[PDB]
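Examining the three-dimensional arrangement
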Amino acid sequence: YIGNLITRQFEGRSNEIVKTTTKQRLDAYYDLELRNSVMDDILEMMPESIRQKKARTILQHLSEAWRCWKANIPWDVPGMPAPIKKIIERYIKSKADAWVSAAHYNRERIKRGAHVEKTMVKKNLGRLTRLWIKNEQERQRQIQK
Amino acid sequence: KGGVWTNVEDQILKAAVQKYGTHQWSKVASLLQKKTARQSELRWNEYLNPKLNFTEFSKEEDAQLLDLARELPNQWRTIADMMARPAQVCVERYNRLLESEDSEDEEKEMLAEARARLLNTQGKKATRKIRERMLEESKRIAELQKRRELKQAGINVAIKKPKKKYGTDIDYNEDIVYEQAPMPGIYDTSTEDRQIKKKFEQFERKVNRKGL
Amino acid sequence: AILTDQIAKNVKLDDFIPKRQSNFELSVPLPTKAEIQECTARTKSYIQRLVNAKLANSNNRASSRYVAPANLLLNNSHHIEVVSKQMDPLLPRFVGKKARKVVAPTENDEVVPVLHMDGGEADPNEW
Amino acid sequence: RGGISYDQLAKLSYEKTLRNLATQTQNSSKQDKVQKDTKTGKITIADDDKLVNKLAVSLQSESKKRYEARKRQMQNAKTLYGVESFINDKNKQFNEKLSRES
Amino acid sequence: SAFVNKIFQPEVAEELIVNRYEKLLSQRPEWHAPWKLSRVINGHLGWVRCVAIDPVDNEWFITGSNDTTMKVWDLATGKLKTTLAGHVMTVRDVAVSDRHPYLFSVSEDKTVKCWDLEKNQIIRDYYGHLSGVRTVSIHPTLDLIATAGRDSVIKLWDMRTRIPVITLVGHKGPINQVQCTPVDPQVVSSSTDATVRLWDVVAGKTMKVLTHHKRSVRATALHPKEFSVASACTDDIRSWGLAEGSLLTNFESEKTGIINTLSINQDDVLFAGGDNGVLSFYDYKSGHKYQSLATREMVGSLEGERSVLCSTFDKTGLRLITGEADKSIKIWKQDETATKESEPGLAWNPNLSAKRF
Amino acid sequence: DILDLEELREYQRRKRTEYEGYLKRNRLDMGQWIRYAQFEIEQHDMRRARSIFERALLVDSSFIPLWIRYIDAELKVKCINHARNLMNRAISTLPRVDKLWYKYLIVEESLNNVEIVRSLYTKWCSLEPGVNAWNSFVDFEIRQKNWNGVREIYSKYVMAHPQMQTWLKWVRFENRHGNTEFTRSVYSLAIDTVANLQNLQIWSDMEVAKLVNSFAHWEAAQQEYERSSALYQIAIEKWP
Amino acid sequence: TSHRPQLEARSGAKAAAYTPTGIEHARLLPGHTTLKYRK
Amino acid sequence: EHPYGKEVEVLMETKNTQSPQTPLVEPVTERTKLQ
Amino acid sequence: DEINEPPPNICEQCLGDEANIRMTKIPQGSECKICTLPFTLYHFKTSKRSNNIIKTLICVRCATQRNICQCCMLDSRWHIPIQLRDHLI
Ligand SMILES: [Zn+2]
Ligand SMILES: [Zn+2]
C-alpha cells in the first residue's frame, strides 16, 4: 500500500488506467458492443463511398427501433432497405433475449431475498410490467385473430 | 373547473406535438396552462390527430356498423378499431342511425409564452457557453484596443499569453505543432521552397506596415 | 517514355495476380522441424529476456524469485569498464522515471499500395 | 437513370477540363524536358513560367465559380420554401431533407 | 498452339488476360464429396459466437455464447457435459491448447481468462485490454497467447507470468481474427481496415501488409497442412501464402456478402459461413465452389437470424460444427455413398468478366 | 480587423488553439481537418499548411477529397514539384481510384508535358485498370496525332479487354481514316482470334455475329462481294 | 450536447509510447507460478 | 414436426449430464501412490 | 526498445588521454536536457584521482539527431559547437 503511494508521489499516477467492467457499467458497455456490431454489419452491406454520415442516421434507427420494441410499437420504417431491416430486427431480438433473461434472473434473486440493490428492485418492477403488458397485448391480438 | 377547449389552446397543442412528440405529455402541459397532460393526451388521441376519420357515412359503413354493434354488443373501443374511426363519433352515428326509424387578452400572453418556448431549443449548457463566448471576446476586444491606445502614446505593451492550465500545455503559435513533414519525393522541390520563403517573408513584411 | 520507372514504383501487376492459377499443385511446404526450433529458441530467449526486464524493474522484492563490463567507446583509444551503482534502497530507483505521456511520430519511408481489384457498380437508387 | 459513379464522373470531369484546355489553346492561337541529377536521385523538369500561372489561375477561378454557385444556391434554398413551421435555418434545411426523401 | 504468342508478342507471356484464362481451363478441381446435416443441437440462451474443438482427441467441443456462458458438448452423442460461467458479458473467442490442459476464453468484458481443464475453474486471468477483446490464438511451442480486440493492438501474453510481453501496433480499426503460426511470420492478424498483417514479434513490427480486400477482413483460418492462410472480406476469399505474403489464389466468393467465419479441412474443404445463412464449400487448391447450401432457421425465429457465426472442423475433418445466430449448433457431415457421378457439385465454369481468376 | 503583426500573432494562436482542440477530441471529421488546413493557407505559411494535410492523411488516407484538396493546395501556390511528388504518392497508395490518375493527367496536360502523360498512361495501362482508361488513352494520342502510337495501344487494348466492342472500336478507328490496307489487317486478326481461341468460350453467339457482319458489310463497301460472301460460309461452318 | 456515442474506440497505439509507472497491483502478484503440461 | 430432413436428430439440452467437478481432462499420474 | 539500446556517443576529448576508464551506468538516470525524457545516465572520471564527474546530459537519440556527444555536446567530427557548424555549412 505504501509502496504504491510513494511511487505515486514521486512519479505521478499512470496515464494508462483502463476501467474493468463492474455492475454499474455493465449495461453501458453492452451498449458500446451493440453499437459496434451493428456498425460493422451495415457498413459491410453498403454499396461503396460513405462511412461517417450514415452512422448517425442508421444507429438512430436502431435506438428508435429498440424503443419501439420496448413499447410494442411494430417499428415500420416506410422505405427501408430490407437487408438492413433484417439486421436491426436481428440485434433487437438479441438484445431482447438479454433483457428478458436478466428480468427472469433478477426476479428469482429478489424472491430469494439475497442482496439486491434498492435501485434494482424498481428496475425489475419496470421490466416485468413491460413484459406483463406485452403478454397482455399479445393475448388480446391472438384472441382477435 | 373542467374546462372547454378553445381554438387557441388547440393550436398550441398541435404545435407542441409537432416538436415534442406524442409521448412527452407533461412537456405539452407545461406550455398549456389550465390543462392536464392527461387531458392533452386525451384530446390528441380523440380529436386532433389528422389520421382520424371525421367524414360522411357511406352505406357500406352503415351496414358494417349495424353488423358490428349487433355482433359485438357495446364494445365501442373494439368497434372503432374495426371501423378505423374515433369512438364517440361511432357512438354518435349509431345513435343517429337508429333515429332513422322514427315514429384574447390572456390567451395571447399564453401564446406569446408558447411562441417563445417552442423557438428556444438549447438549455442551460449551450446558452451559458454562448454567454461565456461573448464575454470572452468582449474581454479580448477590450485588451486589443488598450494596446492600440497605448500605441497611440508610443508606449508598447505586448499581448499576454493565455495561462497554462496544465503542465505540458502547448503553445501552438510557438512551433510547428506535430510536424509531419511530407514524404521525401523525387521531383526536387528546391526552387519552390525558395519562392515560398521569399513570399512568406514578404507577407510578414506587409503585415507590419499596412496591416492586412 | 523519358521516365518509365519513376511512376508508382511500389505497385506492379504481379502483386495483383494469384499464383495458384498457373498450377493447382504448387507446393508451399510446411516449415521443417529444423526451422521451427531455430525460431522457437530465438523467440523464447527474446521473450524471457523481456519478462526478466519487467520483473526486475518492478518494486516488489518478491520478483527476483522468478527470474556487461566492456564496450569500446570511440575507436581503438579507450576501453571502457561499465559497472552498476549500488543504489540506496530507500531513495527511489529509476530517478528519471515518471508517469508522463508522449505522442509518437509515424516513420513512413514507403507507401503500401492498396491493391483492390475492379474499376459492377450499378446503384439501384435503393440502399 | 441513377447516380453517376465516381469512375464515370472522374472521366466526365476529365473530359470537361480537356475541352476547356483545348479552348484555351484555341483562344491563344486566335489572339496571336527532364534532367536527372547525378549526385542525388532527384529529378528536375524544365517548365515555362506560363501555364503554371495559367493552371493556378484556372483552379482558383473554378473554385470561385463553384463557391458562388453554391452561395447563390444557398440564397435560393433559404428563400424558396416557407410552408412548414421551423425554428432556424437548420430546421428548414433538415425538413428539405425529408422532402427529398419523399 | 495458342497462336497469341506468335502474333501478339508479349513481354511476359503470362500477364495477358487470355493466357491466364487458357491455363485455368486446363486444370480441373479435385472432386470432394458433398455435405449434409447430421445433428441439430439447441440449448444456449443467446447466440453462439465461438466454437473450439478439443485438440488431443475428439470427445468434446466448447461453444462460447451470447448468454455469457460456455457450454461443453460431447461430439459423439451430442449431449451436454457441463457449463462454464465467469464472464459478465458475451464470449467472443475460445481456444483450447494442445500442449497443456488450459482453455483460454475471452469476451467483450475486456477479460482474457484461462481455465484449468483439470479443475474447471478460472486460472490467473489477463489484464490490459482497453476495450472488449475478440480473439484468442494460442501459440504452439512458445506458451504465448495472442489476443486482440477493439483496441487495434495485439497483446502477446506470457502464459506463466501474466505479463503482456509484446504489443503489436499496426492497425487502424478493430481486429477481428488473429492466428498464431510457428515460424516467421508468427502472428497473422485481420482487422477492419481491410488489411492482413504478417508480423515479426522479435522486431515487433509488420513484415508484410496485405491490402487486397475491399472491406473489413472479418475471418481468417489456417490450413492444417501446406502452410497457408485464407482471409475473407465481405465478398472475396483469398488464400494467402505465408513466408512470402503472396496471393496464392482468388476464390469464387462473389455473391456471399459478409462471410462471418472460415474453416479449413485437411482434405482442402474450405468452409465459408454466410450472414445470409448460405454456407458454401470451396476446394482450397483451385478456389471453386462445389456446394452451396441454405439452413433452416428454427421452428419460429426471425429471417435475419439464419446466419452462421462461427465454425470449426474436428481433428478428423469429417465433421463441421457451426454455431449459428438461431441459438443453435448444427453438425455438418460429409455425405458418404456419393461418387464423382451422382454429385460432381457445381460445374467448373469460370468467367473472365468477373476478373477474379 | 488586424492592425499589426502582434495582433496577427495573437489571432493565429487563438484559432490554432481552437481547431486543434476539436481535432484532438475528433481524430475523424475530415471536414474539420481541411478547414484548419485551409486556414494555414490564408496565413500564407505553407510549411504549417502542408503539415495539417499530412497529419490528416495519417488518419484516413483513403479519403479522396483530402487528396484532391491538398493536391490543389500545392497547385494554387505554384508549387508544381511538391504536387508531382504528392500525386506520385496519391496513385502509389490508391491505384484503383481513377480520379487520382486523372488528376495527375490534366496538370501535365496543362503544362504541355506530353512525354510525361505518355509515361503515366503506359504505367497506368500496365495495371489493367478498365475501359475508361484506355479510351482516354486512345483519345490522348488522337490529340497528339501519333497514329503509329495509337495503333500500338489497341494492340494491347484488345489483349487487356478481349471483347468485340474493343475490337470494333479499333475498326471504327481505322474506317474513320479510310486506310484500306490496315483495316482488313485488323479484320483478319479479329476473326482469326475468335477462331483459334474458340475452345475458351469467351465470345458469345450474339457477340461473334457483330464481328462477321461488320467484316462483311465493310467488304461490300469495298466492292468485293465474293470475299464478303465467302466468309459467311466459313463462319457458318466454323460455328454451326 | 455533451452526451455522445463513440466514433472510434480508444486505441492502444497511444498507450504504447507512454512511459510506464510500475505501480504494484493486487491482481498482478505472483500466483499459479507453475504451468502444467499435457502428456 | 420434423424440423429437418428427418435424418437429422433435434435434441434440446437443459441440464448438465456430468457434474461440474468432473475434471474434463485426465490428470497425468506417472507413479502409483498408496498414501 | 528498453533491452536493445545503443552505446553512448561520447567525445575523445571528453574521455581524455588515459586508456581504461571506469564508467558507471544508471539505467534510468536523469532525463534529457533537450527532449525531457529519461535515458541511461553514464558518468565517469578522466583519471582515478580527478575531482570532476563528467555526466552524459542528453540521451542518445538527441545526440544522434544532432550528431554530438552526450557529454560536451560538441560535434563528433570537427569538434565545434552546433551553432558554428550550421553557420559553416
Ligand atoms: Zn533527448
Ligand atoms: Zn564531447
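Calculation notes
Residues numbered from 1 in each chain as written, not as in the entry; some residues may be left out. Chains lettered and ligands numbered in written order. Part of a larger assembly, values for the part shown. Heavy atoms only, no water. Residues with missing side-chain atoms left out of burial classes, pairs and counts. Donors = N, O, S within 2.8 Å, 3.2 Å for Na, K, Ca; no water. Tetrahedral: all angles 85-135°; square planar, octahedral: opposite > 155°, others 65-115°. Helix = DSSP H or I, 4+ residues; strand = E, 2+ residues; numbered from the N terminus. Buried < 20%, exposed > 50% of the residue type's maximum accessible area, 1.4 Å probe, protein only. Pairing = 2+ DSSP bridges. Axes fitted to C-alpha atoms, helices over the stretch in contact; angles between N-to-C directions. Contact = heavy atoms within 4.5 Å. Patch = residues over 30% accessible without salt bridge, like charges linked within 9 Å, V, L, I, M, F, W, Y side chains within 5 Å. Areas by Shrake-Rupley, 256 points an atom, 1.4 Å probe, with all protein chains shown as cover. Salt bridge = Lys/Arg side-chain N within 4 Å of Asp/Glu carboxyl O. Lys, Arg positive; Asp, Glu negative; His and termini not counted. Charge placed at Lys NZ, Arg CZ, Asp CG, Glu CD. Buried area = accessible area lost by both parts, 1.4 Å probe. Polar contact = N/O pair within 3.5 Å; in protein donor to acceptor, adjacent residues only side chain to side chain. Nonpolar A, V, L, I, M, F, W, Y, C, P; charged D, E, K, R; others polar. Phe/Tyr/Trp six-rings, centres within 6.5 Å; stacked < 30°, edge-to-face > 60°.

This deposited entry lists cryo-EM as its structure determination method and 3.86 Å as its resolution.

Residues and elements named next belong to chain I. Around the zinc ion (ligand 2), the protein supplies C11 (SG), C14 (SG), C69 (SG) and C72 (SG) as donor atoms, at distances of 2.3 Å. Coordination at the zinc ion (ligand 2) is tetrahedral, judged from the four donor atoms that bind it and the angles of 105 to 115° they form at the metal. Positions of the donor residues of the zinc ion (ligand 2) along the chain correspond to the pattern C-x2-C-x54-C-x2-C. Within this pair, whereas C11 is found in the segment before α1 (12-15), its partner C72 is found in the loop between α2 (60-66) and α3 (82-88), the two being separated by 61 residues in sequence. Classification of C72 as partly exposed rests on a relative accessible area of 34%.

Moving on, we get to the sheet that holds strand β13 (residues 164-169) of chain E. Taken in spatial order, the four strands of this open sheet run β10-β11-β12-β13 (chain E), and their pairing is antiparallel. Sheet topology places β10 (133-138) and β13 of chain E at the edges, where each strand pairs with a single neighbour. The average undirected angle you get between the axes of adjacent strands in this sheet is 20°. Of the strand pairs in this sheet, strand β11 (residues 144-149) of chain E and strand β12 (residues 153-158) of chain E are connected by five bridges, and their pairing is antiparallel. Bridge pairing in β12(E) places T147(E) opposite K155(E). Strands β11, β12 and β13 of chain E of the sheet are contacted by helix α1 (residues 33-57) of chain C, whose axis makes an angle of about 110° with β13(E).

Positive charge collects at one region of the surface, where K124(B), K125(B), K129(B), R133(B), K101(C), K24(F), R25(F), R10(G) and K14(G) lie side by side. Those elements giving two or more residues to the positive patch turn out to be α8 (124-152) of chain B together with α1 (5-25) of chain F. If you tally residues by element for the positive patch, the top one is α8(B), at four residues. Considering the arrangement of structural elements, one finds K124(B) in helix α8.

Looking now at the interface of chain C and chain E. Listed per partner, the contact involves 40 residues of chain C and 42 residues of chain E. For the pair chain C and chain E, the summed buried surface comes to about 3700 Å²; carbon and sulfur atoms form 62% of the total. By the criterion of area lost to chain E, the three top residues of chain C are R20(C), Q21(C) and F24(C), representing 20% of everything that side buries. One can count four salt bridges joining chain C with chain E. A salt bridge links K285(E) to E25(C), with the shortest nitrogen-to-oxygen separation between them at 3.6 Å. Counting every contact that joins chain C to chain E gives 15 residue pairs in polar contact. Split into classes, the residues belonging to the side of chain C that touches chain E amount to 23 nonpolar, seven polar and 10 charged.

Attention shifts here to the coordination of the zinc ion (ligand 1). All names here are of chain I. Here the zinc ion (ligand 1) is held by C32 (SG), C35 (SG), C59 (SG) and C62 (SG), and the distances to it run 2.3 Å. Note that the zinc ion (ligand 1) binds four donor atoms; their angles at the metal cover 106 to 113°, and the shape is tetrahedral. Under the relative-accessibility criterion, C32 is labelled buried at 3%.

Another aspect to go through is a nonpolar patch on the surface. All names here are of chain A. A surface patch of nonpolar side chains, amounting to about 610 Å² of accessible area, comprises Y1, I2, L5, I6 and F10. Here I2 shows up in helix α1 (residues 2-11). Judged by its relative accessible area of 62%, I2 falls in the exposed class.

Where the 20 pairs of chains in contact are concerned, the greatest contact count is recorded for chains C and E. Regarding chain B and chain I, the two do not touch, and the least distance separating their C-alpha atoms is 11 Å. There is a gap between chain H and chain I: no contact, and a shortest C-alpha distance of 39 Å.

Right, let's get into a negative patch on the surface. Together, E48(A), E121(C), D123(C) and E126(C) give the surface a local cluster of negative charge. You can see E48(A) is positioned in the loop between α2 (26-43) and α3 (53-71).

Here we come to the sheet that holds strand β20 (residues 237-241) of chain E. All names here are of chain E. Taking strand neighbours across the sheet as the criterion, the four strands line up as β18-β19-β20-β21 in an open arrangement whose pairing is antiparallel. On the outer flanks of this sheet lie β18 (219-222) and β21 (246-250), each paired with one strand and no other. Recorded for the sheet is a direction-independent mean angle of 25° between the axes of neighbouring strands. As paired elements, strand β19 (residues 228-232) and β20 share five bridges and run antiparallel to each other. In the sheet register, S231 faces β20, and the bridge partner there is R238.

This part covers the packing of aromatic side chains. Inspection of every chain in the model, using the stated rule, returns 35 aromatic pairs over all chains. With centroids separated by 5.2 Å and ring planes inclined at 65°, the aromatic side chains of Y91(A) and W47(E) adopt a geometry described as edge-to-face. Placement of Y91(A) in helix α4 (residues 82-112) and of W47(E) in the loop between β1 (35-42) and β2 (48-53) is noted, with the two residues assigned to different chains. Note on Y91(A): relative accessible area 6%, which makes it buried. Note on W47(E): relative accessible area 4%, which makes it buried.

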